[PDB]
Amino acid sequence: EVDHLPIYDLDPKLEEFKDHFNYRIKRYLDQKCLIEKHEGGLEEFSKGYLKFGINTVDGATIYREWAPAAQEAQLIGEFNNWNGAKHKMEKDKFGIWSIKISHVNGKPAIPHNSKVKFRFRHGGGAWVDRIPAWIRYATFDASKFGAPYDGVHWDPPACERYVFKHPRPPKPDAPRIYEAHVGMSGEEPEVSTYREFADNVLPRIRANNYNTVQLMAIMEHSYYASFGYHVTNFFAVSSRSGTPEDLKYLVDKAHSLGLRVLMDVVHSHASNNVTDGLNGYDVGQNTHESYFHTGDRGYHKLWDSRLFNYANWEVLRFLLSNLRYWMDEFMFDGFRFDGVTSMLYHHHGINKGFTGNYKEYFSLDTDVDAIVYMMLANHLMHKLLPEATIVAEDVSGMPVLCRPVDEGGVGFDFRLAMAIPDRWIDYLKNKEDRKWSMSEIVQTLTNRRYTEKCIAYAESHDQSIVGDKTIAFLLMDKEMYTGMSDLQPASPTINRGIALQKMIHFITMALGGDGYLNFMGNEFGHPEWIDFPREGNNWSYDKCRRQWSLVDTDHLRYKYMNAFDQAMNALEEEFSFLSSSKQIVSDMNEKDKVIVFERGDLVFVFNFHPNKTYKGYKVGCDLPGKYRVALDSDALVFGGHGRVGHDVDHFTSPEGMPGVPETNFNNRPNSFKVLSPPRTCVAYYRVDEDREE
């Protein structure tokens, strides 16, 4: 299949695995061919949410629910006082139940914003009442069992439907992503709303010159502390933060500010909550009549959750239609697929362990059903929205995960650089400054496939396990509580931490990939850590908030990390270095603790030494001429000591002959000399003497 793939041009080591890729591509073409034959193709098949769930047509309301294991089924709700006797559904030969309910005096039989459930029985058992799988909203009562949830028919009148005003922005040259969770986005540890987030937080994201918002925890999840990772109602906007119309307002406002918006797609697993989610449909049937595999294959041991059978036709309808639903109905510009490592392998990456050996990537442990779903998904999404960005969350480093389906790849645009936050946490927790290796830093940042695109980030929320301390807090710890006044000179510990927080974020951005990501609050060095109420912390909720008050006051020093973050993104907007394939690390000086490198058109000098200033430190560069400061972390506006001269011309000298590297300086054909105070990072640009002076 069939027979040379363009991926093999890129990475001829893939040809050893031709048999694997022949089978995968055959499975994909055959699944796509069947969807064309039986469902009118991928664009038609992924409009399932107009067929399943509750849809109002002229004069009547139809509801369909796939439940082959049910033997009788009815629709119940406030609209029939929870008695389904006059609302029995009919079952077709595929186990799809349907009912059509005429309007009552010209009005829909099921009022907008009223509660509903699917009622079914089998085996002569009692009625079981569950939430329709394609419900678009669900709310909890909070009359003890603190639940269960109810499904809510959502069909707002004209006065209450959000109508999008703004077009989607163009795809940027590189994504600079602000990742967020709306419920913990408020000052106080109460659940914040989509409207609050849209009005209070989107402006800050745009002020810091991000161009993309990654919105976590959108799909409904009855367990708040799951951070949106255990999904119950895949078509429903999480109700604790507002309604579907509130989310549409938020996405439209982001677009109005020039920001793209991606949603987290959690199609790697489903919540095991029986009353509230899709696990309610499992009554012990064979996997062909379930959303899920059975036995071990249907259970994720680490996430304590259920695992989809991606070969099942109704599950492909469900998941592909869910992608179209979020894109088309809420105007998203793309998505991140969370937990792709679990999808790619039958062992889910649970006990491993990827060494980069290709045998680990392509073997009987590779889950072809899951890869076929992802290829159909990426073919579909880029056909609906050719400028979409779809990110994969994959720790394994699977080759060709981020090459187009039409080349033989899985079709993602970018993957996350999941190994970089681990390195900084180990360094910050376990290594005295003098033992940090400049070469190990560079290797971690630069260790990637250059034929595929990477989003780098220095730190993250940690919620796939339990949140850890932020970089700032790992640097400064309890001194952040009493040592952040801008009135008083900072202690040595606070001066160290502010300077390294800026340096660690900026080297990560400039060397770590082709896109950048920042989670909400870390751009200003928010202290402490993120955690949600659970047994392990005695049900503490004081950490599920963001203390904007810290960055909004000019009397503290958070404003300085924030100003640097704004300037580092503006620098990328100006020079476009994330989209440059020029990346040359010219000096990893271990004794002096200096790293010099070029990315794009800029020369970067990082002095991680605790106390030494290098005067006249020679740095290699490509083009001769006159260089000046482009961004300097020592500037007073970024809380530094203002030691670097922004007006100073740095003239180059020639270093041997271009392409005779032994005659060059650190393999570079010119050099210039800089001032490099301790714990600073400065990027320099070449003056265009035809256009500047």
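Note that residue numbering follows the sequence shown and begins at 1.
**Q** Comparing 567-575 with 356-364, which stretch shows the greater average C-alpha B-factor in the deposited entry?
**A** If you average the C-alpha B-factors of 567-575 and of 356-364, the larger mean comes out for 356-364.
**Q** Where do the C-alpha atoms have the higher mean temperature factor in this entry, in 211-219 or in 488-496?
**A** Comparing averages over the C-alpha atoms only gives 488-496.
**Q** Of the choices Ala630, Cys33, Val57, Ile54, which one's C-alpha carries the largest B-factor in the record?
**A** That would be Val57.
**Q** If you compare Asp554, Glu190, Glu523, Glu329, which has the highest Cα B-factor in the entry?
**A** Highest C-alpha B-factor among the listed options: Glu190.
**Q** Would the CA B-factor of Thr680 place it in the lowest, middle or highest third of its chain?
**A** Tercile = lowest for this residue's CA B-factor.
**Q** What third of its chain, lowest, middle or highest, does the C-alpha temperature factor of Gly95 fall into?
**A** Its C-alpha B-factor, which the entry lists for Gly95, ranks in the middle third among residues of this chain.
**Q** Comparing against every modelled residue in the chain, figure out the third that the C-alpha B-factor of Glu245 lands in (lowest, middle or highest).
**A** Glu245: CA B-factor falls in the middle third of its chain.
**Q** How does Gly656 rank on Cα B-factor within its chain, lowest, middle or highest third?
**A** Tercile = highest for this residue's CA B-factor.
**Q** Name the third of the chain's ranked CA B-factors that contains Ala73, choosing lowest, middle or highest.
**A** As the PDB entry reports it, the C-alpha B-factor of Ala73 lands in the middle third of its chain.
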